[PDB]
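Notes for the one structure printed next.
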Amino acid sequence: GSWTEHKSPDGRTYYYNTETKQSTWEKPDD
């Protein structure tokens with residue numbers, strides 16, 4: 001449980017893991 005939900009300034013909700021310092025467009029439970 002270390003995934004932060006942040007949306008781009010263009011209107012794109014993306015998830016970013018603080019543990020792996022990675023980012024994705026799909027939920028962490030894909």
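Here's how to read the names in the structure tokens: chain A, B, ... by the order shown, residue numbers from 1 in each chain, ligand numbers from 1 in the order shown.
Close contacts of residue A:23, defined as residues with an atom at most 10 Å away when counting only C-alpha atoms, with chain neighbours fewer than 4 positions off set aside, comprise residues 3, 4, 5, 6, 14, 15, 16, 17, 18 and 28 of chain A.
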Using C-alpha atoms, can you export the residues from the last selection as a PDB file, in the first residue's frame?
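And here's out_20.pdb as it stands now:
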ATOM      1  CA  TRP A   3       0.686   3.694  -4.574  1.00  0.00           C
ATOM      2  CA  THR A   4      -0.277   7.364  -4.849  1.00  0.00           C
ATOM      3  CA  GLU A   5      -3.047   8.467  -7.209  1.00  0.00           C
ATOM      4  CA  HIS A   6      -1.950  11.502  -9.223  1.00  0.00           C
ATOM      5  CA  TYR A  14      -2.148   7.848 -13.277  1.00  0.00           C
ATOM      6  CA  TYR A  15      -0.850   5.718 -10.408  1.00  0.00           C
ATOM      7  CA  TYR A  16       2.691   6.068  -9.064  1.00  0.00           C
ATOM      8  CA  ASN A  17       4.291   3.573  -6.680  1.00  0.00           C
ATOM      9  CA  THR A  18       6.445   5.200  -4.000  1.00  0.00           C
ATOM     10  CA  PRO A  28      -2.052  -1.386  -9.191  1.00  0.00           C
TER      11      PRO A  28
END
When you look at residue A:12 with a cut-off of 12 Å (counting only C-alpha atoms), what residues show up, excluding the ones that are within fewer than 4 positions of it in the same chain? I need them as an mmCIF file with C-alpha atoms, in the first residue's frame.
data_model
loop_
_atom_site.group_PDB
_atom_site.id
_atom_site.type_symbol
_atom_site.label_atom_id
_atom_site.label_comp_id
_atom_site.auth_asym_id
_atom_site.auth_seq_id
_atom_site.Cartn_x
_atom_site.Cartn_y
_atom_site.Cartn_z
ATOM 1 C CA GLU A 5 -3.047 8.467 -7.209
ATOM 2 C CA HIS A 6 -1.950 11.502 -9.223
ATOM 3 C CA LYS A 7 -3.562 12.832 -12.401
ATOM 4 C CA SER A 8 -1.578 14.684 -15.068
ATOM 5 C CA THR A 24 1.378 3.492 -14.689
ATOM 6 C CA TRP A 25 -1.965 4.323 -16.298
ATOM 7 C CA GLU A 26 -3.704 1.208 -14.976
#
From the DSSP assignment of the backbone, select every residue of chain A that is strand (DSSP E), and format the answer as a PyMOL selection string.
chain A and resi 3-8+12-17+22-24
Keeping only C-alpha atoms, write the selected residues as a short mmCIF file (atom, residue, chain, number, x, y, z; two decimals), in the first residue's frame.
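Ended up saving to part17.cif:
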data_model
loop_
_atom_site.label_atom_id
_atom_site.label_comp_id
_atom_site.auth_asym_id
_atom_site.auth_seq_id
_atom_site.Cartn_x
_atom_site.Cartn_y
_atom_site.Cartn_z
CA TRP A 3 0.69 3.69 -4.57
CA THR A 4 -0.28 7.36 -4.85
CA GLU A 5 -3.05 8.47 -7.21
CA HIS A 6 -1.95 11.50 -9.22
CA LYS A 7 -3.56 12.83 -12.40
CA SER A 8 -1.58 14.68 -15.07
CA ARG A 12 -5.01 11.78 -16.95
CA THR A 13 -5.34 9.88 -13.67
CA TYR A 14 -2.15 7.85 -13.28
CA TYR A 15 -0.85 5.72 -10.41
CA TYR A 16 2.69 6.07 -9.06
CA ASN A 17 4.29 3.57 -6.68
CA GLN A 22 7.31 3.76 -10.93
CA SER A 23 4.21 5.07 -12.70
CA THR A 24 1.38 3.49 -14.69
#
